[PDB]
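Numbering (the authors' numbering), first residue to last: 4 to 352.
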Ligand SMILES: Cc1ccc(C(=O)NC2CC2)cc1-c1ccc(C(=O)NCC2CC2)cc1
């Protein structure tokens with residue numbers, strides 16, 4: 004049964020949304036795309052409404068629209084952003100051309116938390132616990148976040164946390180250039196394209212985030228890719244023979260071999276005053292060889308989280324069929340698939 008929709012101008016375009024959503028107000032300062040906060044009068048929830056920009060203008064846009072909708076429809080986990088609603092004012096596939104995604108709105112991101120608050124060790128435990136609990140779920144569906152950073156960890160007043168923006172990858176070279184947070188949380192294998200990477204890139208990012216909650220300071224605030232790699236290698240040491248062999252980029256291998264060999268530093272001296280259990284977990288996360296990093300499931304059982312860990316309440320995801328990713332389709336075929344997903348949406352309980 005079709006809701007009645009109303010129109011207003013927001014973010015220099017016409018937003019057309021069901022009446023249940025009231026007091027739309029732009030948020031994010033552009034960062035999360037075209038997102039408005041709203042009040043969902045039907046549920047009493049503060050919601051975030053994302054209007055997809057030009058979702059079917061190219062094959063690339065059409066496929067990424069389908070991708071985002073597929074991802075959100077799948078994720079049903081307390082620590083992972085999920086889909087409250089998805090709609091279009093279109094009454095048929097022919098007229099279908101805008102997609103609006105509705106999620107919970109959290110009051111802040113972690114970037115603002117670590118900037119404006121003092122985090123106790125207990126706050127760090129709880130926050131990192133929740134990130135790993137959400138990542139266990141994401142990783143179990145064979146989704147890689149690839150871009151985990153403080154600004155995509157959404158947090159309410161009770162420090163309850165949801166992970167945003169997983170599996171969408173993105174980013175231009177210019178965006179990754181220079182003294183920029185966009186690059187500081189990236190695993191070096193993906194920063195320098197050493198090899199075909201996998202979900203283990205996300206654990207590096209968690210290590211960088213955790214260290215920063217502990218010290219209040221960016222762990223590897225490189226001024227550029229090369230300066231960042233040097234900051235990283237000073238802390239964790241230069242690669243050994245075994246890791247070198249795994250760098251399939253011959254070019255990248257050759258460069259990294261030009262560097263003066265350095266040993267791994269003592270993490271107790273780097274993280275003075277930190278809980279020894281935090282120091283140990285950092286050591287297990289910040290391993291240069293991605294093969295040897297602790298996994299999210301393993302990390303949840305680490306002694307640092309003894310107060311939060313519950314093995315009966317760390318769920319995994321239902322199978323996520325992402326065979327569409329291998330598929331070459333036309334714009335109108337991606338658009339039809341997206342429409343089927345809009346039409347079949349059933350809201351959460
Ligand atoms: C609305 C929306 C739609 C999609 C996605 C997403 O992650 N998609 C990728 C597929 C996973 C995210 C959102 C969204 C959810 C929450 C906030 C929020 O609370 N921001 C932090 C506070 C402002 C300080 C912003 C955007």
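Using N, Cα and C, we set each Cβ at its ideal position, and we do this for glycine too.
- Looking at the backbone, the Cα of residue 101 and that of residue 342 are separated by about 10 Å.
- Short of 7 Å from the beta carbon of residue 308, and not among the five residues preceding or following it, lie these beta carbons of its own chain, in chain order: 128, 132.
- Rounded to the nearest angstrom, the gap between the Cα atoms of residue 80 and residue 331 is 30 Å.
- Every unbroken stretch of the alpha helix (DSSP H) spanning 4 or more residues and falling wholly within the segment 180–248 is given here in chain order: 184–187, 191–194, 203–218, 228–239.
- DSSP places residue 302 inside the alpha helix (DSSP H), whose first and last residues are 299–303.
- The beta carbon of residue 213 sits closer than 8 Å to those of 127, 131, 281, 284, 285, 288, all from its chain and outside the five residues before and after it, given in chain order.
- In this chain, residue 147 is not harboured by any alpha helix (DSSP H), its DSSP state being neither H nor E.
- Residue 82 sits buried, since 16 or more C-beta atoms from the chains shown fall within 10 Å of its C-beta.
- For residue 281, the uninterrupted alpha helix (DSSP H) run begins and ends at 279–288, by DSSP.
- Residue 147 and residue 139 have their C-alpha atoms roughly 11 Å apart.
- For residue 144, the CB contacts under 7 Å within the same chain, skipping 5 residues up- and downstream, are 77, 320, 323 in chain order.
- Judged by beta-carbon spacing, residue 179 lies beyond the 8 Å limit of residue 231, meaning their Cβ atoms are not closer than that value.
- Per DSSP, residue 8 is one residue of the beta strand (DSSP E) stretching across 8–13.
- Proximity of the segment 101–114 to the segment 147–164 meets the contact definition, three or more beta-carbon pairs being nearer than 8 Å.
- Taking C-beta separations shorter than 6 Å and ignoring five residues to either side along the sequence, the partners of residue 292 in its chain run 246, following chain order.
- Collapsing the DSSP output to three states places residue 48 in a strand.
- Excluding five sequence positions before and after residue 207, the CB atoms of its chain that fall closer than 6 Å to its own CB belong to 190, given in chain order.
- Annotation: the continuous beta strand (DSSP E) that includes residue 28 extends over 24–30.
- Residue 313 and residue 306 have their C-alpha atoms spaced approximately 12 Å apart.
- Relative to ligand 1, residue 48 has its C-beta separated by 7 Å or more from all heavy atoms.
- In the three-state scheme derived from DSSP, where H, G and I count as helix and E and B as strand, residue 178 is classed as coil.
- Under the DSSP assignment, residue 66 falls in the alpha helix (DSSP H) whose first and last residues are 62–77.
- Excluding its 5 nearest sequence neighbours in each direction, residue 38 has C-beta neighbours in its own chain below 6 Å: 30, 31, 51, 53, listed in chain order.
- The DSSP-derived three-state label of residue 19 is strand.
- The beta carbon of residue 44 sits closer than 7 Å to the beta carbons of 23, 25 from its chain, once the five residues preceding and following it are set aside; these are given in chain order.
- For residue 31, the shortest C-beta to heavy atom distance toward ligand 1 is below 7 Å.
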